[PDB]
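Text of data-v4.cif (mmCIF, C-alpha atoms and all ligand atoms; chains and numbers go by the auth columns) as supplied:
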```cif
data_structure
loop_
_atom_site.group_PDB
_atom_site.id
_atom_site.type_symbol
_atom_site.label_atom_id
_atom_site.label_comp_id
_atom_site.label_asym_id
_atom_site.label_seq_id
_atom_site.Cartn_x
_atom_site.Cartn_y
_atom_site.Cartn_z
_atom_site.B_iso_or_equiv
_atom_site.auth_seq_id
_atom_site.auth_asym_id
ATOM 1 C CA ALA A 1 12.335 12.257 -5.318 0.00 1 A
ATOM 2 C CA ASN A 2 11.993 11.700 -1.547 0.00 2 A
ATOM 3 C CA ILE A 3 10.160 8.361 -1.140 0.00 3 A
ATOM 4 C CA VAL A 4 7.502 8.553 1.594 0.00 4 A
ATOM 5 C CA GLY A 5 4.605 6.172 2.318 0.00 5 A
ATOM 6 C CA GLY A 6 1.306 7.508 0.908 0.00 6 A
ATOM 7 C CA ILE A 7 2.473 9.687 -1.969 0.00 7 A
ATOM 8 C CA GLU A 8 1.221 9.435 -5.541 0.00 8 A
ATOM 9 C CA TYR A 9 3.179 7.767 -8.354 0.00 9 A
ATOM 10 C CA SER A 10 1.962 6.998 -11.908 0.00 10 A
ATOM 11 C CA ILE A 11 2.506 3.758 -13.926 0.00 11 A
ATOM 12 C CA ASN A 12 3.343 4.011 -17.642 0.00 12 A
ATOM 13 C CA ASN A 13 1.955 7.558 -17.673 0.00 13 A
ATOM 14 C CA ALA A 14 -1.569 6.220 -17.050 0.00 14 A
ATOM 15 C CA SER A 15 -2.732 4.787 -13.714 0.00 15 A
ATOM 16 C CA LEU A 16 -2.050 6.337 -10.307 0.00 16 A
ATOM 17 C CA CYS A 17 -1.256 4.436 -7.143 0.00 17 A
ATOM 18 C CA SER A 18 0.233 5.334 -3.742 0.00 18 A
ATOM 19 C CA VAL A 19 3.653 4.357 -2.325 0.00 19 A
ATOM 20 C CA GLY A 20 3.487 1.780 0.471 0.00 20 A
ATOM 21 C CA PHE A 21 6.919 1.716 2.210 0.00 21 A
ATOM 22 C CA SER A 22 10.577 2.415 1.426 0.00 22 A
ATOM 23 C CA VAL A 23 12.659 -0.803 1.507 0.00 23 A
ATOM 24 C CA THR A 24 16.064 -2.064 0.377 0.00 24 A
ATOM 25 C CA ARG A 25 17.228 -5.334 -1.228 0.00 25 A
ATOM 26 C CA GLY A 26 21.012 -5.351 -0.602 0.00 26 A
ATOM 27 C CA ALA A 27 22.252 -2.139 -2.281 0.00 27 A
ATOM 28 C CA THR A 28 19.002 -1.705 -4.314 0.00 28 A
ATOM 29 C CA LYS A 29 16.500 0.937 -3.150 0.00 29 A
ATOM 30 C CA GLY A 30 12.766 0.245 -3.690 0.00 30 A
ATOM 31 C CA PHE A 31 9.235 0.662 -2.356 0.00 31 A
ATOM 32 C CA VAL A 32 6.502 -1.955 -1.798 0.00 32 A
ATOM 33 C CA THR A 33 3.081 -1.270 -3.335 0.00 33 A
ATOM 34 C CA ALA A 34 0.031 -3.179 -4.682 0.00 34 A
ATOM 35 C CA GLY A 35 0.529 -5.807 -7.407 0.00 35 A
ATOM 36 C CA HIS A 36 -2.532 -4.626 -9.283 0.00 36 A
ATOM 37 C CA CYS A 37 -0.876 -1.207 -9.795 0.00 37 A
ATOM 38 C CA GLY A 38 1.564 -2.403 -12.532 0.00 38 A
ATOM 39 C CA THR A 39 3.136 -5.312 -14.455 0.00 39 A
ATOM 40 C CA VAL A 40 6.798 -6.243 -14.291 0.00 40 A
ATOM 41 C CA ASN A 41 8.922 -3.576 -16.002 0.00 41 A
ATOM 42 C CA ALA A 42 6.159 -0.889 -15.949 0.00 42 A
ATOM 43 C CA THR A 43 7.702 2.581 -15.406 0.00 43 A
ATOM 44 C CA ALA A 44 6.926 4.481 -12.181 0.00 44 A
ATOM 45 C CA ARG A 45 7.075 8.296 -12.154 0.00 45 A
ATOM 46 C CA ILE A 46 6.886 10.698 -9.236 0.00 46 A
ATOM 47 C CA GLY A 47 6.101 14.321 -10.050 0.00 47 A
ATOM 48 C CA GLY A 48 6.724 13.690 -13.700 0.00 48 A
ATOM 49 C CA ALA A 49 10.155 12.068 -13.324 0.00 49 A
ATOM 50 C CA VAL A 50 11.045 8.423 -13.817 0.00 50 A
ATOM 51 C CA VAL A 51 12.013 6.897 -10.445 0.00 51 A
ATOM 52 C CA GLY A 52 12.170 3.120 -11.175 0.00 52 A
ATOM 53 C CA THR A 53 10.338 0.133 -12.619 0.00 53 A
ATOM 54 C CA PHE A 54 8.198 -2.701 -11.272 0.00 54 A
ATOM 55 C CA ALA A 55 10.595 -5.487 -10.314 0.00 55 A
ATOM 56 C CA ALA A 56 8.055 -8.180 -9.454 0.00 56 A
ATOM 57 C CA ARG A 57 4.378 -8.521 -8.583 0.00 57 A
ATOM 58 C CA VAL A 58 1.700 -11.116 -7.855 0.00 58 A
ATOM 59 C CA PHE A 59 -1.914 -10.299 -8.679 0.00 59 A
ATOM 60 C CA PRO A 60 -4.508 -11.760 -8.384 0.00 60 A
ATOM 61 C CA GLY A 61 -4.138 -14.591 -5.781 0.00 61 A
ATOM 62 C CA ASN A 62 -2.137 -12.088 -3.662 0.00 62 A
ATOM 63 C CA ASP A 63 -1.852 -8.322 -4.390 0.00 63 A
ATOM 64 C CA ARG A 64 1.797 -7.222 -3.945 0.00 64 A
ATOM 65 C CA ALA A 65 4.711 -5.712 -5.818 0.00 65 A
ATOM 66 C CA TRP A 66 8.011 -3.900 -5.313 0.00 66 A
ATOM 67 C CA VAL A 67 9.486 -1.209 -7.628 0.00 67 A
ATOM 68 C CA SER A 68 13.268 -0.980 -7.875 0.00 68 A
ATOM 69 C CA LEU A 69 14.366 2.648 -7.869 0.00 69 A
ATOM 70 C CA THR A 70 17.325 4.485 -9.348 0.00 70 A
ATOM 71 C CA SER A 71 20.193 5.362 -6.990 0.00 71 A
ATOM 72 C CA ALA A 72 19.169 8.970 -7.063 0.00 72 A
ATOM 73 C CA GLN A 73 15.982 8.359 -5.011 0.00 73 A
ATOM 74 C CA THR A 74 16.034 9.153 -1.300 0.00 74 A
ATOM 75 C CA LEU A 75 14.380 6.509 0.828 0.00 75 A
ATOM 76 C CA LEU A 76 12.796 7.672 4.101 0.00 76 A
ATOM 77 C CA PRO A 77 11.339 5.780 7.027 0.00 77 A
ATOM 78 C CA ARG A 78 8.127 7.843 6.939 0.00 78 A
ATOM 79 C CA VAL A 79 4.471 7.788 5.945 0.00 79 A
ATOM 80 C CA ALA A 80 2.585 11.028 5.097 0.00 80 A
ATOM 81 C CA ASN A 81 -0.092 12.350 7.487 0.00 81 A
ATOM 82 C CA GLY A 82 -1.146 15.636 5.898 0.00 82 A
ATOM 83 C CA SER A 83 1.915 17.913 6.179 0.00 83 A
ATOM 84 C CA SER A 84 3.283 15.784 9.019 0.00 84 A
ATOM 85 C CA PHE A 85 4.878 12.331 9.134 0.00 85 A
ATOM 86 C CA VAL A 86 4.528 8.959 10.991 0.00 86 A
ATOM 87 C CA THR A 87 7.917 7.306 11.524 0.00 87 A
ATOM 88 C CA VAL A 88 8.266 3.674 10.432 0.00 88 A
ATOM 89 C CA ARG A 89 9.638 1.659 13.351 0.00 89 A
ATOM 90 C CA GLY A 90 9.104 -2.011 12.333 0.00 90 A
ATOM 91 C CA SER A 91 6.519 -4.527 11.120 0.00 91 A
ATOM 92 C CA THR A 92 4.946 -6.134 14.162 0.00 92 A
ATOM 93 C CA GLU A 93 1.558 -7.321 12.994 0.00 93 A
ATOM 94 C CA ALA A 94 -1.376 -5.901 14.993 0.00 94 A
ATOM 95 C CA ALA A 95 -4.289 -8.063 16.073 0.00 95 A
ATOM 96 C CA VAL A 96 -8.027 -7.813 15.357 0.00 96 A
ATOM 97 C CA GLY A 97 -9.428 -4.818 17.233 0.00 97 A
ATOM 98 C CA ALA A 98 -6.194 -2.749 17.014 0.00 98 A
ATOM 99 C CA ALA A 99 -6.507 0.803 15.703 0.00 99 A
ATOM 100 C CA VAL A 100 -4.656 1.456 12.430 0.00 100 A
ATOM 101 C CA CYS A 101 -4.367 4.282 9.901 0.00 101 A
ATOM 102 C CA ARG A 102 -3.664 4.252 6.161 0.00 102 A
ATOM 103 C CA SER A 103 -2.253 6.925 3.815 0.00 103 A
ATOM 104 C CA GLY A 104 -2.770 7.377 0.037 0.00 104 A
ATOM 105 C CA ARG A 105 -3.042 10.077 -2.614 0.00 105 A
ATOM 106 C CA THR A 106 -6.865 10.185 -2.781 0.00 106 A
ATOM 107 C CA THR A 107 -8.280 10.282 0.718 0.00 107 A
ATOM 108 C CA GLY A 108 -5.052 11.236 2.616 0.00 108 A
ATOM 109 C CA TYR A 109 -4.533 9.722 6.098 0.00 109 A
ATOM 110 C CA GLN A 110 -7.569 7.892 7.548 0.00 110 A
ATOM 111 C CA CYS A 111 -7.737 5.755 10.693 0.00 111 A
ATOM 112 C CA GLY A 112 -10.073 3.028 11.977 0.00 112 A
ATOM 113 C CA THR A 113 -9.580 -0.483 13.332 0.00 113 A
ATOM 114 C CA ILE A 114 -8.828 -3.923 11.987 0.00 114 A
ATOM 115 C CA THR A 115 -11.984 -5.994 11.900 0.00 115 A
ATOM 116 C CA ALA A 116 -11.002 -9.307 10.333 0.00 116 A
ATOM 117 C CA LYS A 117 -8.086 -11.221 8.873 0.00 117 A
ATOM 118 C CA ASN A 118 -7.773 -13.752 6.088 0.00 118 A
ATOM 119 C CA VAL A 119 -10.524 -12.243 3.969 0.00 119 A
ATOM 120 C CA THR A 120 -10.952 -13.181 0.286 0.00 120 A
ATOM 121 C CA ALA A 121 -11.786 -10.304 -2.149 0.00 121 A
ATOM 122 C CA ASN A 122 -13.495 -11.542 -5.338 0.00 122 A
ATOM 123 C CA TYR A 123 -12.119 -9.015 -7.865 0.00 123 A
ATOM 124 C CA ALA A 124 -13.052 -9.051 -11.560 0.00 124 A
ATOM 125 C CA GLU A 125 -9.579 -10.419 -12.288 0.00 125 A
ATOM 126 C CA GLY A 126 -9.722 -13.320 -9.807 0.00 126 A
ATOM 127 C CA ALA A 127 -9.832 -13.845 -6.017 0.00 127 A
ATOM 128 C CA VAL A 128 -7.176 -12.312 -3.777 0.00 128 A
ATOM 129 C CA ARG A 129 -6.987 -14.259 -0.536 0.00 129 A
ATOM 130 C CA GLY A 130 -5.576 -13.651 2.902 0.00 130 A
ATOM 131 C CA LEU A 131 -6.339 -9.932 3.146 0.00 131 A
ATOM 132 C CA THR A 132 -6.848 -8.115 6.479 0.00 132 A
ATOM 133 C CA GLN A 133 -9.926 -5.913 6.760 0.00 133 A
ATOM 134 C CA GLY A 134 -10.063 -2.502 8.466 0.00 134 A
ATOM 135 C CA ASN A 135 -12.764 0.165 8.542 0.00 135 A
ATOM 136 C CA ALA A 136 -10.645 3.241 7.843 0.00 136 A
ATOM 137 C CA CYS A 137 -12.152 4.750 4.595 0.00 137 A
ATOM 138 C CA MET A 138 -10.313 4.828 1.262 0.00 138 A
ATOM 139 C CA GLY A 139 -10.900 5.702 -2.405 0.00 139 A
ATOM 140 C CA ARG A 140 -9.751 4.988 -5.960 0.00 140 A
ATOM 141 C CA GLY A 141 -6.065 5.968 -6.149 0.00 141 A
ATOM 142 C CA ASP A 142 -5.250 4.883 -2.569 0.00 142 A
ATOM 143 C CA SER A 143 -4.129 1.416 -3.748 0.00 143 A
ATOM 144 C CA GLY A 144 -0.640 0.418 -2.732 0.00 144 A
ATOM 145 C CA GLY A 145 -0.586 2.963 0.127 0.00 145 A
ATOM 146 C CA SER A 146 0.625 2.310 3.652 0.00 146 A
ATOM 147 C CA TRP A 147 -1.364 0.844 6.546 0.00 147 A
ATOM 148 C CA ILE A 148 0.479 1.650 9.822 0.00 148 A
ATOM 149 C CA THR A 149 -0.283 1.944 13.553 0.00 149 A
ATOM 150 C CA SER A 150 0.390 5.315 15.306 0.00 150 A
ATOM 151 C CA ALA A 151 3.234 3.531 17.020 0.00 151 A
ATOM 152 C CA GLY A 152 4.936 3.071 13.640 0.00 152 A
ATOM 153 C CA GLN A 153 4.446 -0.627 12.999 0.00 153 A
ATOM 154 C CA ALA A 154 3.881 -1.049 9.245 0.00 154 A
ATOM 155 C CA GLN A 155 0.965 -3.473 8.605 0.00 155 A
ATOM 156 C CA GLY A 156 0.494 -3.794 4.815 0.00 156 A
ATOM 157 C CA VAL A 157 -0.477 -2.049 1.575 0.00 157 A
ATOM 158 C CA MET A 158 -3.944 -1.040 0.334 0.00 158 A
ATOM 159 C CA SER A 159 -5.547 -3.570 -2.029 0.00 159 A
ATOM 160 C CA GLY A 160 -9.271 -2.699 -2.457 0.00 160 A
ATOM 161 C CA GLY A 161 -12.723 -2.437 -0.894 0.00 161 A
ATOM 162 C CA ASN A 162 -16.309 -1.343 -1.272 0.00 162 A
ATOM 163 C CA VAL A 163 -15.977 1.969 -3.079 0.00 163 A
ATOM 164 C CA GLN A 164 -19.369 3.673 -3.593 0.00 164 A
ATOM 165 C CA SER A 165 -20.500 5.712 -6.601 0.00 165 A
ATOM 166 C CA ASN A 166 -18.441 8.744 -5.376 0.00 166 A
ATOM 167 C CA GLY A 167 -15.211 6.674 -5.679 0.00 167 A
ATOM 168 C CA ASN A 168 -14.605 6.070 -1.954 0.00 168 A
ATOM 169 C CA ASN A 169 -16.268 4.471 1.078 0.00 169 A
ATOM 170 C CA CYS A 170 -15.890 7.646 3.208 0.00 170 A
ATOM 171 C CA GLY A 171 -19.603 8.671 2.940 0.00 171 A
ATOM 172 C CA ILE A 172 -20.878 5.388 4.600 0.00 172 A
ATOM 173 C CA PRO A 173 -20.505 4.462 8.273 0.00 173 A
ATOM 174 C CA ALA A 174 -17.371 2.685 9.441 0.00 174 A
ATOM 175 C CA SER A 175 -19.602 -0.233 10.386 0.00 175 A
ATOM 176 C CA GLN A 176 -20.295 -0.677 6.687 0.00 176 A
ATOM 177 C CA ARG A 177 -16.803 -0.287 5.242 0.00 177 A
ATOM 178 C CA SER A 178 -14.596 -3.116 3.997 0.00 178 A
ATOM 179 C CA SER A 179 -11.127 -1.691 3.234 0.00 179 A
ATOM 180 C CA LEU A 180 -8.635 -4.555 2.546 0.00 180 A
ATOM 181 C CA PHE A 181 -4.863 -4.596 2.760 0.00 181 A
ATOM 182 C CA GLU A 182 -2.203 -7.150 1.824 0.00 182 A
ATOM 183 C CA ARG A 183 -0.056 -8.064 4.887 0.00 183 A
ATOM 184 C CA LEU A 184 3.492 -6.664 4.714 0.00 184 A
ATOM 185 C CA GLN A 185 5.328 -9.633 6.317 0.00 185 A
ATOM 186 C CA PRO A 186 4.920 -12.079 3.442 0.00 186 A
ATOM 187 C CA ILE A 187 5.915 -9.407 0.872 0.00 187 A
ATOM 188 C CA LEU A 188 9.245 -8.723 2.738 0.00 188 A
ATOM 189 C CA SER A 189 10.085 -12.429 2.935 0.00 189 A
ATOM 190 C CA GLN A 190 8.914 -13.292 -0.571 0.00 190 A
ATOM 191 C CA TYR A 191 11.276 -10.667 -2.076 0.00 191 A
ATOM 192 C CA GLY A 192 14.082 -10.599 0.529 0.00 192 A
ATOM 193 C CA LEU A 193 13.426 -6.891 1.384 0.00 193 A
ATOM 194 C CA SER A 194 14.277 -4.999 4.563 0.00 194 A
ATOM 195 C CA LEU A 195 12.069 -2.107 5.681 0.00 195 A
ATOM 196 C CA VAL A 196 13.791 1.287 6.070 0.00 196 A
ATOM 197 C CA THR A 197 13.135 2.421 9.719 0.00 197 A
ATOM 198 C CA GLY A 198 13.849 5.495 11.858 0.00 198 A
HETATM 199 B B1 LIG B . -6.695 1.314 -6.300 0.00 1 B
HETATM 200 O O1 LIG B . -6.219 0.831 -7.635 0.00 1 B
HETATM 201 O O2 LIG B . -6.393 2.798 -6.106 0.00 1 B
HETATM 202 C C1 LIG B . -8.139 0.910 -5.883 0.00 1 B
HETATM 203 N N1 LIG B . -8.245 -0.559 -5.810 0.00 1 B
HETATM 204 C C2 LIG B . -9.053 -1.271 -6.591 0.00 1 B
HETATM 205 O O3 LIG B . -9.840 -0.763 -7.417 0.00 1 B
HETATM 206 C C3 LIG B . -9.063 -2.790 -6.456 0.00 1 B
HETATM 207 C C4 LIG B . -8.200 -3.455 -7.516 0.00 1 B
HETATM 208 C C5 LIG B . -9.071 -4.428 -8.235 0.00 1 B
HETATM 209 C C6 LIG B . -10.523 -4.032 -7.980 0.00 1 B
HETATM 210 N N2 LIG B . -10.410 -3.313 -6.696 0.00 1 B
HETATM 211 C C7 LIG B . -11.440 -3.046 -5.905 0.00 1 B
HETATM 212 O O4 LIG B . -11.365 -2.464 -4.821 0.00 1 B
HETATM 213 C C8 LIG B . -12.768 -3.655 -6.224 0.00 1 B
HETATM 214 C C9 LIG B . -13.172 -2.477 -7.003 0.00 1 B
HETATM 215 N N3 LIG B . -13.509 -3.634 -4.976 0.00 1 B
HETATM 216 C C10 LIG B . -14.216 -4.727 -4.670 0.00 1 B
HETATM 217 O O5 LIG B . -14.206 -5.729 -5.362 0.00 1 B
HETATM 218 O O6 LIG B . -14.845 -4.675 -3.320 0.00 1 B
HETATM 219 C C11 LIG B . -15.318 -5.968 -2.729 0.00 1 B
HETATM 220 C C12 LIG B . -15.879 -5.632 -1.341 0.00 1 B
HETATM 221 C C13 LIG B . -16.419 -6.489 -3.629 0.00 1 B
HETATM 222 C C14 LIG B . -14.096 -6.872 -2.629 0.00 1 B
HETATM 223 C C15 LIG B . -8.639 1.609 -4.582 0.00 1 B
HETATM 224 C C16 LIG B . -7.937 1.056 -3.336 0.00 1 B
HETATM 225 C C17 LIG B . -10.166 1.551 -4.365 0.00 1 B
#
```
Written as structure tokens, that's how I'd like the structure from this file.
Ligand SMILES: *[B]([O])([O])[C]([N]C(=O)[C]1[C][C][C]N1C(=O)[C]([C])[N]C(=O)OC([C])([C])[C])[C]([C])[C]
Amino acid sequence: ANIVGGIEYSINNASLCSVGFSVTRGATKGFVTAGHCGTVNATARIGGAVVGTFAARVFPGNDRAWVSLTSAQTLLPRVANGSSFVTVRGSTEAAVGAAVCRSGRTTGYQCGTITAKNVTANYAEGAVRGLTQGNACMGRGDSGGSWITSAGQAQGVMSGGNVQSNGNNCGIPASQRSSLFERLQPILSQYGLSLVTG
């Protein structure tokens, strides 16, 4: 499969999440995603085929994971934006007030701005701390997907937020959305990964 930020993948033939970013760990290919999407060794499938397994994750506390892929996967430095693509150029962290977009299998590519950093989400499973908050909308299924600036600086992966009864926060004003992402920097250093760029 071609690995691109934002696309759908399933875990153990049950849950759906979105790919965050293609990365490598020495000769191993992989992608970063949300830790709540799977447990270590869960099987990831893309378009019905097995592409790899969860190699490590932390959730709750943090919300991060990486999936190691088979050699036959093609890693690409890109995030989906409809039929088009945003090129991944690096991981400079943007500041509060910067504009950012996110991509995932449920609401597609949505943009907004970063409104706060170091937020704690109190999930049923336990608190997740240190998340960055943006106001781009999102929905169930977007978890694990990419958060990137138009300039190509990868920011983090979708963790969670205030979904409404219709499964997303797109029907409420940006001023009322809380869409939280796990910062990418700590995930790359915690697992020794390098981002694929173009
Ligand atoms: B994702 O799996 O596609 C999904 N994320 C998701 O449901 C996460 C994982 C644990 C719970 N959670 C939430 O967003 C919870 C539902 N939201 C929540 O607690 O909002 C607060 C504002 C109260 C933190 C998808 C990204 C929505």
Check which residues satisfy the PyMOL selection byres (((not hetatm)) within 6 of (chain B and resi 1)) in the file shown, then give them as a PyMOL selection string. chain A and resi 17+121-123+139-143+158-163
Carefully work through the PyMOL selection byres (((chain A and resi 185) around 12) and not hetatm) for this structure and note down the residues it includes, as a short mmCIF file (atom, residue, chain, number, x, y, z; two decimals) with C-alpha atoms, keeping the file's coordinate frame.
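What follows is the written file result.cif:
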```cif
data_model
loop_
_atom_site.label_atom_id
_atom_site.label_comp_id
_atom_site.auth_asym_id
_atom_site.auth_seq_id
_atom_site.Cartn_x
_atom_site.Cartn_y
_atom_site.Cartn_z
CA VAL A 32 6.50 -1.96 -1.80
CA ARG A 64 1.80 -7.22 -3.94
CA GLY A 90 9.10 -2.01 12.33
CA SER A 91 6.52 -4.53 11.12
CA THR A 92 4.95 -6.13 14.16
CA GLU A 93 1.56 -7.32 12.99
CA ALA A 94 -1.38 -5.90 14.99
CA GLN A 153 4.45 -0.63 13.00
CA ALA A 154 3.88 -1.05 9.24
CA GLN A 155 0.96 -3.47 8.60
CA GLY A 156 0.49 -3.79 4.82
CA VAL A 157 -0.48 -2.05 1.58
CA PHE A 181 -4.86 -4.60 2.76
CA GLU A 182 -2.20 -7.15 1.82
CA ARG A 183 -0.06 -8.06 4.89
CA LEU A 184 3.49 -6.66 4.71
CA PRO A 186 4.92 -12.08 3.44
CA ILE A 187 5.92 -9.41 0.87
CA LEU A 188 9.24 -8.72 2.74
CA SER A 189 10.09 -12.43 2.94
CA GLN A 190 8.91 -13.29 -0.57
CA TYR A 191 11.28 -10.67 -2.08
CA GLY A 192 14.08 -10.60 0.53
CA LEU A 193 13.43 -6.89 1.38
CA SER A 194 14.28 -5.00 4.56
CA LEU A 195 12.07 -2.11 5.68
#
```
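Residue nearest residue 44 of chain A, chosen from A:86, A:58, A:75, A:67 and counting only C-alpha atoms: A:67.
Residues matched by the PyMOL selection byres (((chain A and resi 42) around 8) and not hetatm) in this file: residues 11, 12, 38, 39, 40, 41, 43, 44, 53 and 54 of chain A.
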If you count all atoms listed in the file, the residue of A:24, A:113, A:33, A:70 closest to residue 175 of chain A turns out to be A:113
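Comparing A:88, A:76, A:114, A:174 by their smallest distance to residue 101 of chain A, the closest is A:114 (using all atoms listed in the file).
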Quick check, in Å to one decimal: how far apart do atom CA of residue 35 of chain A and atom CA of residue 55 of chain A lie? 10.5 Å
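Look at residue 111 of chain A: the protein and nucleic acid residues within 7 Å of it, using only C-alpha atoms and passing over chain neighbours fewer than 3 places away, are residues 100, 101, 102 and 136 of chain A.
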Can you tell me, as number ranges by chain, what residues are no more than 12 Å from residue 1 of chain A when counting all atoms listed in the file, ignoring any on the same chain fewer than 6 positions away? A: 7-9, 44-52, 69-76
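The nearest approach to residue 131 of chain A among the residues A:27, A:170, A:180, A:96, with all atoms listed in the file taken into account, belongs to A:180.
Note that the spacing between atom CA of residue 29 of chain A and atom CA of residue 84 of chain A amounts to 23.3 Å.
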Which residue out of A:127, A:23, A:4, A:196 has the minimum interatomic distance to residue 85 of chain A when all atoms listed in the file are used? A:4
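Between atom CA of residue 109 of chain A and atom CA of residue 21 of chain A the separation is 14.5 Å.
Near residue 59 of chain A, within a cut-off of 9 Å and counting all atoms listed in the file, sit the residues residues 34, 35, 36, 64, 65, 125, 126 and 128 of chain A, with same-chain residues fewer than 5 positions away left out.
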Output of the above residues as a PDB file, in the frame of the given file, restricted to C-alpha atoms:
```
ATOM      1  CA  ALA A  34       0.031  -3.179  -4.682  1.00  0.00           C
ATOM      2  CA  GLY A  35       0.529  -5.807  -7.407  1.00  0.00           C
ATOM      3  CA  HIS A  36      -2.532  -4.626  -9.283  1.00  0.00           C
ATOM      4  CA  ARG A  64       1.797  -7.222  -3.945  1.00  0.00           C
ATOM      5  CA  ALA A  65       4.711  -5.712  -5.818  1.00  0.00           C
ATOM      6  CA  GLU A 125      -9.579 -10.419 -12.288  1.00  0.00           C
ATOM      7  CA  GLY A 126      -9.722 -13.320  -9.807  1.00  0.00           C
ATOM      8  CA  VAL A 128      -7.176 -12.312  -3.777  1.00  0.00           C
TER       9      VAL A 128
END
```
Nearest-residue call for residue 68 of chain A, choices A:3, A:98, A:116, A:151, using all atoms listed in the file: A:3
If you count all atoms listed in the file, which residues fall within 8 Å of residue 5 of chain A, apart from same-chain ones fewer than 5 positions away, as a PDB file with C-alpha atoms, in the coordinates of the input?
```pdb
ATOM      1  CA  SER A  18       0.233   5.334  -3.742  1.00  0.00           C
ATOM      2  CA  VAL A  19       3.653   4.357  -2.325  1.00  0.00           C
ATOM      3  CA  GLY A  20       3.487   1.780   0.471  1.00  0.00           C
ATOM      4  CA  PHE A  21       6.919   1.716   2.210  1.00  0.00           C
ATOM      5  CA  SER A  22      10.577   2.415   1.426  1.00  0.00           C
ATOM      6  CA  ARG A  78       8.127   7.843   6.939  1.00  0.00           C
ATOM      7  CA  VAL A  79       4.471   7.788   5.945  1.00  0.00           C
ATOM      8  CA  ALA A  80       2.585  11.028   5.097  1.00  0.00           C
ATOM      9  CA  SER A 103      -2.253   6.925   3.815  1.00  0.00           C
ATOM     10  CA  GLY A 104      -2.770   7.377   0.037  1.00  0.00           C
ATOM     11  CA  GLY A 145      -0.586   2.963   0.127  1.00  0.00           C
ATOM     12  CA  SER A 146       0.625   2.310   3.652  1.00  0.00           C
TER      13      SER A 146
END
```
Within 7 Å of (11.4, 2.1, 14.6) in the file's own coordinates, which protein, DNA or RNA residues have an atom, counting all atoms listed in the file? List them as a PDB file with C-alpha atoms, in the coordinates of the input.
```
ATOM      1  CA  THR A  87       7.917   7.306  11.524  1.00  0.00           C
ATOM      2  CA  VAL A  88       8.266   3.674  10.432  1.00  0.00           C
ATOM      3  CA  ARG A  89       9.638   1.659  13.351  1.00  0.00           C
ATOM      4  CA  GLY A  90       9.104  -2.011  12.333  1.00  0.00           C
ATOM      5  CA  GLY A 152       4.936   3.071  13.640  1.00  0.00           C
ATOM      6  CA  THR A 197      13.135   2.421   9.719  1.00  0.00           C
ATOM      7  CA  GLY A 198      13.849   5.495  11.858  1.00  0.00           C
TER       8      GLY A 198
END
```
